[PDB]
Every structure is written in structure tokens, then in C-alpha cells.
Amino acid sequence: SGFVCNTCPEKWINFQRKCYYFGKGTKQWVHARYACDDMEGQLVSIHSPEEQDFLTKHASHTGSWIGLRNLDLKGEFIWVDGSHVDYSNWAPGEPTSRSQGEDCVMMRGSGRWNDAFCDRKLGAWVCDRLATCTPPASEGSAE
């Protein structure tokens with residue numbers, strides 16, 4: 001046996017066996033990937049309409065950052081984990097929102113994704129990590 005504990009109280013969300021660390025912030029995409037890479041988990045890189053909707057709904061007035069990074073521009077979108085997209089969500093018909101650049105994908109607007117260079121000013125740090133426990137020494141509740 002080897003069941004996890006409960007690292008997903010509220011903001012955090014667990015699925016098949018992984019969880020998502022949902023938080024707030026104010027920077028760029030590169031800052032999100034680096035923030036989760038520090039120790040958190042990984043850049044989410046949502047691939048399930050439910051997971052994307054989950055954080056999308058979780059995002060009150062500030063979108064979230066996903067594990068999506070495009071090669072150059074009109075090329076192909078690759079996940080920070082080193083895996084090409086499979087479903088993608090970047091708003092299909094988004095007039096005056098596709099001709100400017102592409103490199104990082106953000107989430108907002110129609111509760112979905114938006115593909116753009118990296119000028120999108122979001123405000124939520126979303127990361128993914130395998131469900132773990134919560135020691136009394138590390139950050140927990142203390143309330």
C-alpha cells in the first residue's frame with residue numbers, strides 16, 4: 001500500500017494521481033514556470049477541458065499560467081515538460097487577438113485559453129505536482 005495524504009484542500013486539485021497548486025501572482029509566463037520549478041511542481045500544462053475549466057473557474061479576475069511554450073511563433077506549441085500539445089484550447093475564433101505574437105499560452109476571456117507571445121498580464125500562479133502529504137514543519141494551515 002502507498003496512498004497519499006491530502007495536499008489538495010481547496011485551491012489545490014487532485015485527479016487520477018496528480019494535484020494542481022493554484023495560487024495568485026503578478027508577472028509573466030516564464031515567471032510561473034520558474035516559480036513552480038523552484039520546488040512547487042511543474043507548469044500545469046492542462047490537457048483536460050475539465051482541468052482547464054477548473055482553474056479557469058478558479059481564476060476570479062486573474063488568469064492562470066499553463067505549461068505551454070511555443071517554439072518560435074507560427075510553429076508548434078510545446079509543453080514545458082517537453083511534450084507537444086494534444087488538445088489545446090487557444091480561442092479558435094478570436095479576431096484581433098491572433099496577429100501579434102506567440103510563445104506562451106494564458107487562460108481567461110471565454111473561460112478558456114489564449115495563445116499569444118507573452119504580453120498577457122495574468123495574475124495567478126498555477127502549477128502541477130503529484131499528490132503528497134503536509135508536514136507540521138512545512139507550510140500548511142496553522143490557523
# chains A, B, ... in the order shown; residues from 1 in each chain; ligands from 1
>>> residues_around(residues="residue A:55", least_positions_apart="2", cutoff="12 Å", atoms="only C-alpha atoms", output="NGL selection string")
:A and (10-14 or 19-24 or 44-53 or 57-66 or 106-108 or 111-113 or 124-128)
>>> write_last_selection(atoms="N, CA and C atoms", output="compact mmCIF listing (two decimals), in the first residue's frame")
# COMPACT_ATOMS: atom_id res chain seq x y z
N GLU A 10 -8.20 23.14 -0.94
CA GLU A 10 -9.11 24.00 -1.69
C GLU A 10 -8.52 24.37 -3.05
N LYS A 11 -7.64 25.37 -3.06
CA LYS A 11 -7.01 25.83 -4.29
C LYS A 11 -6.40 24.66 -5.06
N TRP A 12 -5.81 23.73 -4.34
CA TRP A 12 -5.20 22.56 -4.94
C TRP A 12 -6.27 21.60 -5.46
N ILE A 13 -5.97 20.93 -6.57
CA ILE A 13 -6.92 19.99 -7.17
C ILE A 13 -6.22 18.70 -7.61
N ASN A 14 -6.73 17.57 -7.14
CA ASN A 14 -6.16 16.27 -7.49
C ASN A 14 -7.04 15.51 -8.47
N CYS A 19 -1.97 16.38 -8.55
CA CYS A 19 -2.68 17.52 -8.00
C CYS A 19 -2.19 18.80 -8.64
N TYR A 20 -2.93 19.88 -8.44
CA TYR A 20 -2.57 21.17 -9.00
C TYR A 20 -2.47 22.20 -7.90
N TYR A 21 -1.41 22.99 -7.93
CA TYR A 21 -1.23 24.03 -6.94
C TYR A 21 -1.69 25.34 -7.54
N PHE A 22 -2.81 25.84 -7.03
CA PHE A 22 -3.40 27.07 -7.52
C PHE A 22 -3.07 28.24 -6.60
N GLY A 23 -2.52 29.31 -7.17
CA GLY A 23 -2.17 30.47 -6.39
C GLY A 23 -2.32 31.77 -7.16
N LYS A 24 -1.96 32.88 -6.53
CA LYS A 24 -2.06 34.18 -7.16
C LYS A 24 -0.68 34.79 -7.36
N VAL A 44 1.63 23.41 -14.94
CA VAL A 44 0.40 22.66 -15.19
C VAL A 44 0.33 22.04 -16.57
N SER A 45 0.17 22.88 -17.58
CA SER A 45 0.06 22.41 -18.96
C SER A 45 -1.21 21.58 -19.12
N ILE A 46 -2.31 22.14 -18.64
CA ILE A 46 -3.62 21.49 -18.69
C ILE A 46 -3.86 20.82 -20.04
N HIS A 47 -4.48 19.65 -20.00
CA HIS A 47 -4.78 18.89 -21.21
C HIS A 47 -6.20 18.34 -21.17
N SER A 48 -6.91 18.62 -20.08
CA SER A 48 -8.28 18.15 -19.92
C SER A 48 -9.22 19.33 -19.79
N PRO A 49 -10.24 19.42 -20.66
CA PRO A 49 -11.21 20.51 -20.62
C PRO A 49 -11.71 20.77 -19.21
N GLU A 50 -11.72 19.72 -18.39
CA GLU A 50 -12.15 19.83 -17.01
C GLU A 50 -11.10 20.55 -16.17
N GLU A 51 -9.85 20.16 -16.34
CA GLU A 51 -8.76 20.75 -15.59
C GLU A 51 -8.59 22.22 -15.97
N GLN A 52 -8.67 22.51 -17.26
CA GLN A 52 -8.55 23.89 -17.74
C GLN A 52 -9.71 24.72 -17.23
N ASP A 53 -10.90 24.12 -17.25
CA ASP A 53 -12.10 24.78 -16.77
C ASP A 53 -12.02 24.96 -15.26
N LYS A 57 -12.24 28.50 -13.86
CA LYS A 57 -13.31 28.87 -12.96
C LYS A 57 -12.70 29.37 -11.66
N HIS A 58 -11.58 28.75 -11.28
CA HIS A 58 -10.87 29.13 -10.07
C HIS A 58 -10.35 30.55 -10.20
N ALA A 59 -9.99 30.94 -11.42
CA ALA A 59 -9.48 32.27 -11.68
C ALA A 59 -10.59 33.31 -11.62
N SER A 60 -10.68 34.01 -10.49
CA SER A 60 -11.71 35.03 -10.30
C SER A 60 -11.58 36.13 -11.35
N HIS A 61 -10.54 36.95 -11.22
CA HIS A 61 -10.31 38.04 -12.15
C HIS A 61 -8.87 38.03 -12.65
N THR A 62 -8.19 36.91 -12.45
CA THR A 62 -6.80 36.77 -12.88
C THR A 62 -6.55 35.38 -13.47
N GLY A 63 -6.24 35.34 -14.76
CA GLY A 63 -5.99 34.08 -15.43
C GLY A 63 -4.87 33.29 -14.78
N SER A 64 -4.64 32.08 -15.28
CA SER A 64 -3.60 31.21 -14.75
C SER A 64 -2.56 30.90 -15.81
N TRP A 65 -1.39 30.44 -15.39
CA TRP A 65 -0.32 30.11 -16.34
C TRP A 65 -0.20 28.61 -16.49
N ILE A 66 -0.14 28.16 -17.74
CA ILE A 66 -0.04 26.74 -18.03
C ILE A 66 1.32 26.37 -18.59
N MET A 106 -2.02 31.65 -22.19
CA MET A 106 -2.66 32.11 -20.96
C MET A 106 -4.10 31.64 -20.93
N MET A 107 -4.73 31.77 -19.77
CA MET A 107 -6.12 31.35 -19.62
C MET A 107 -6.97 32.51 -19.11
N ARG A 108 -8.09 32.75 -19.79
CA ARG A 108 -9.01 33.83 -19.43
C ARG A 108 -10.05 34.05 -20.53
N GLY A 111 -13.29 31.85 -20.50
CA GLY A 111 -13.02 30.75 -19.59
C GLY A 111 -12.20 29.66 -20.24
N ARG A 112 -11.36 30.03 -21.20
CA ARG A 112 -10.52 29.07 -21.90
C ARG A 112 -9.07 29.56 -21.98
N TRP A 113 -8.41 29.22 -23.08
CA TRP A 113 -7.02 29.60 -23.30
C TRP A 113 -6.90 30.67 -24.35
N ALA A 124 -2.31 34.81 -11.68
CA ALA A 124 -2.46 33.57 -10.92
C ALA A 124 -1.38 32.56 -11.26
N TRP A 125 -0.77 32.01 -10.22
CA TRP A 125 0.28 31.01 -10.40
C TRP A 125 -0.27 29.61 -10.23
N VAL A 126 -0.43 28.90 -11.35
CA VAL A 126 -0.94 27.55 -11.31
C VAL A 126 0.15 26.56 -11.72
N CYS A 127 0.33 25.53 -10.90
CA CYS A 127 1.35 24.51 -11.12
C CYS A 127 0.78 23.13 -10.85
N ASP A 128 1.49 22.09 -11.26
CA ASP A 128 1.04 20.73 -11.04
C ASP A 128 2.11 19.92 -10.33
>>> residues_around(residues="residue A:99", least_positions_apart="5", cutoff="10 Å", atoms="only C-alpha atoms", output="PyMOL selection string")
chain A and resi 94+116-117
>>> select_by_dssp(residues="stretch 47-123 of chain A", states="strand (DSSP E or B)", output="PyMOL selection string")
chain A and resi 65-70+77-79+84+90+104-108+112-116
>>> write_last_selection(atoms="C-alpha atoms", output="PDB file, in the first residue's frame")
ATOM      1  CA  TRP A  65      -0.324  30.109 -16.336  1.00  0.00           C
ATOM      2  CA  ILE A  66      -0.045  26.740 -18.030  1.00  0.00           C
ATOM      3  CA  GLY A  67       2.857  24.587 -19.126  1.00  0.00           C
ATOM      4  CA  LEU A  68       2.746  25.804 -22.711  1.00  0.00           C
ATOM      5  CA  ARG A  69       5.662  27.264 -24.653  1.00  0.00           C
ATOM      6  CA  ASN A  70       5.746  27.640 -28.444  1.00  0.00           C
ATOM      7  CA  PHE A  77       3.147  24.763 -29.212  1.00  0.00           C
ATOM      8  CA  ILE A  78       5.248  22.573 -26.936  1.00  0.00           C
ATOM      9  CA  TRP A  79       4.706  21.899 -23.239  1.00  0.00           C
ATOM     10  CA  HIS A  84       3.657  18.643 -27.924  1.00  0.00           C
ATOM     11  CA  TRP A  90      -6.391  28.732 -27.601  1.00  0.00           C
ATOM     12  CA  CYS A 104       3.194  31.456 -24.130  1.00  0.00           C
ATOM     13  CA  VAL A 105      -0.430  30.473 -23.562  1.00  0.00           C
ATOM     14  CA  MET A 106      -2.656  32.106 -20.965  1.00  0.00           C
ATOM     15  CA  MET A 107      -6.119  31.348 -19.616  1.00  0.00           C
ATOM     16  CA  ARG A 108      -9.011  33.833 -19.431  1.00  0.00           C
ATOM     17  CA  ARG A 112     -10.522  29.070 -21.897  1.00  0.00           C
ATOM     18  CA  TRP A 113      -7.022  29.598 -23.300  1.00  0.00           C
ATOM     19  CA  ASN A 114      -5.452  32.339 -25.326  1.00  0.00           C
ATOM     20  CA  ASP A 115      -2.301  31.844 -27.366  1.00  0.00           C
ATOM     21  CA  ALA A 116      -0.027  34.882 -27.574  1.00  0.00           C
TER      22      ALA A 116
END
>>> closest_residue(among="A:140, A:97, A:74, A:122", to="residue A:31", atoms="only C-alpha atoms")
A:122
>>> atom_distance(atom1="atom CA of residue A:43", atom2="atom CA of residue A:137")
25.1 Å
>>> select_by_dssp(residues="chain A", states="alpha helix (DSSP H)", output="PyMOL selection string")
chain A and resi 29-35+49-58
>>> write_last_selection(atoms="N, CA, C and O atoms", output="tab-separated table (two decimals), in the first residue's frame")
chain	number	residue	atom	x	y	z
A	29	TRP	N	4.80	34.51	-18.00
A	29	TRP	CA	4.75	33.05	-18.09
A	29	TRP	C	6.03	32.42	-17.57
A	29	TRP	O	6.00	31.48	-16.77
A	30	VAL	N	7.16	32.95	-18.02
A	30	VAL	CA	8.46	32.44	-17.61
A	30	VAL	C	8.60	32.45	-16.09
A	30	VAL	O	9.28	31.61	-15.51
A	31	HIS	N	7.94	33.41	-15.45
A	31	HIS	CA	7.98	33.52	-14.01
A	31	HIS	C	7.18	32.40	-13.35
A	31	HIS	O	7.51	31.94	-12.26
A	32	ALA	N	6.12	31.96	-14.03
A	32	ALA	CA	5.28	30.90	-13.50
A	32	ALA	C	6.01	29.56	-13.55
A	32	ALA	O	6.05	28.83	-12.56
A	33	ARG	N	6.59	29.25	-14.70
A	33	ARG	CA	7.33	28.01	-14.87
A	33	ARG	C	8.50	27.94	-13.90
A	33	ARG	O	8.79	26.88	-13.34
A	34	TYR	N	9.17	29.07	-13.70
A	34	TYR	CA	10.31	29.14	-12.80
A	34	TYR	C	9.87	29.06	-11.34
A	34	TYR	O	10.58	28.53	-10.49
A	35	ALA	N	8.68	29.59	-11.07
A	35	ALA	CA	8.14	29.58	-9.71
A	35	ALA	C	7.78	28.17	-9.27
A	35	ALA	O	8.04	27.78	-8.13
A	49	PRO	N	-10.24	19.42	-20.66
A	49	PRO	CA	-11.21	20.51	-20.62
A	49	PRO	C	-11.71	20.77	-19.21
A	49	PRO	O	-12.06	21.90	-18.86
A	50	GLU	N	-11.72	19.72	-18.39
A	50	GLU	CA	-12.15	19.83	-17.01
A	50	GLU	C	-11.10	20.55	-16.17
A	50	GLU	O	-11.43	21.44	-15.38
A	51	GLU	N	-9.85	20.16	-16.34
A	51	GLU	CA	-8.76	20.75	-15.59
A	51	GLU	C	-8.59	22.22	-15.97
A	51	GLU	O	-8.41	23.07	-15.10
A	52	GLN	N	-8.67	22.51	-17.26
A	52	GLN	CA	-8.55	23.89	-17.74
A	52	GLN	C	-9.71	24.72	-17.23
A	52	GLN	O	-9.54	25.86	-16.80
A	53	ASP	N	-10.90	24.12	-17.25
A	53	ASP	CA	-12.10	24.78	-16.77
A	53	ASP	C	-12.02	24.96	-15.26
A	53	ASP	O	-12.52	25.94	-14.71
A	54	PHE	N	-11.39	23.99	-14.60
A	54	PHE	CA	-11.24	24.00	-13.16
A	54	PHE	C	-10.47	25.23	-12.69
A	54	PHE	O	-10.94	25.96	-11.81
A	55	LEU	N	-9.31	25.47	-13.29
A	55	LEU	CA	-8.50	26.62	-12.94
A	55	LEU	C	-9.13	27.89	-13.52
A	55	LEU	O	-9.05	28.96	-12.92
A	56	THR	N	-9.74	27.74	-14.69
A	56	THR	CA	-10.38	28.85	-15.36
A	56	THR	C	-11.49	29.40	-14.48
A	56	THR	O	-11.64	30.62	-14.33
A	57	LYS	N	-12.24	28.50	-13.86
A	57	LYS	CA	-13.31	28.87	-12.96
A	57	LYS	C	-12.70	29.37	-11.66
A	57	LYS	O	-13.22	30.29	-11.02
A	58	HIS	N	-11.58	28.75	-11.28
A	58	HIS	CA	-10.87	29.13	-10.07
A	58	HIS	C	-10.35	30.55	-10.20
A	58	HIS	O	-10.27	31.29	-9.21
>>> residues_around(residues="stretch 129-135 of chain A", least_positions_apart="2", cutoff="6 Å", atoms="only C-alpha atoms", output="number ranges by chain")
A: 4-7, 18-20, 41, 137-138
>>> write_last_selection(atoms="N, CA and C atoms", output="PDB file, in the first residue's frame")
ATOM      1  N   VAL A   4      -1.566   8.441  -0.803  1.00  0.00           N
ATOM      2  CA  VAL A   4      -1.105   9.769  -0.414  1.00  0.00           C
ATOM      3  C   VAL A   4      -1.855  10.271   0.817  1.00  0.00           C
ATOM      4  N   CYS A   5      -1.635  11.536   1.164  1.00  0.00           N
ATOM      5  CA  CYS A   5      -2.291  12.135   2.320  1.00  0.00           C
ATOM      6  C   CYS A   5      -3.449  13.029   1.888  1.00  0.00           C
ATOM      7  N   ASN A   6      -3.166  14.320   1.710  1.00  0.00           N
ATOM      8  CA  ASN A   6      -4.184  15.281   1.297  1.00  0.00           C
ATOM      9  C   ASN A   6      -3.578  16.670   1.116  1.00  0.00           C
ATOM     10  N   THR A   7      -2.831  16.846   0.031  1.00  0.00           N
ATOM     11  CA  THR A   7      -2.196  18.126  -0.256  1.00  0.00           C
ATOM     12  C   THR A   7      -3.118  19.021  -1.078  1.00  0.00           C
ATOM     13  N   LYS A  18      -2.430  13.021  -9.752  1.00  0.00           N
ATOM     14  CA  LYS A  18      -1.709  14.276  -9.640  1.00  0.00           C
ATOM     15  C   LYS A  18      -2.606  15.366  -9.098  1.00  0.00           C
ATOM     16  N   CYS A  19      -1.974  16.378  -8.551  1.00  0.00           N
ATOM     17  CA  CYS A  19      -2.682  17.515  -7.995  1.00  0.00           C
ATOM     18  C   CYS A  19      -2.189  18.800  -8.640  1.00  0.00           C
ATOM     19  N   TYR A  20      -2.931  19.875  -8.441  1.00  0.00           N
ATOM     20  CA  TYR A  20      -2.571  21.166  -9.004  1.00  0.00           C
ATOM     21  C   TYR A  20      -2.475  22.202  -7.902  1.00  0.00           C
ATOM     22  N   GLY A  41       5.906  22.308  -8.214  1.00  0.00           N
ATOM     23  CA  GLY A  41       5.683  21.110  -9.008  1.00  0.00           C
ATOM     24  C   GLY A  41       6.185  21.234 -10.433  1.00  0.00           C
ATOM     25  N   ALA A 137       5.999  20.966   9.791  1.00  0.00           N
ATOM     26  CA  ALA A 137       7.134  21.875   9.678  1.00  0.00           C
ATOM     27  C   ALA A 137       6.993  22.782   8.459  1.00  0.00           C
ATOM     28  N   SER A 138       6.564  22.200   7.343  1.00  0.00           N
ATOM     29  CA  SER A 138       6.385  22.954   6.106  1.00  0.00           C
ATOM     30  C   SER A 138       5.145  23.837   6.182  1.00  0.00           C
TER      31      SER A 138
END
>>> atom_distance(atom1="atom CA of residue A:102", atom2="atom CA of residue A:89")
14.0 Å
>>> atom_distance(atom1="atom CA of residue A:27", atom2="atom CA of residue A:96")
23.3 Å
>>> closest_residue(among="A:139, A:103, A:86, A:72", to="residue A:40", atoms="only C-alpha atoms")
A:139
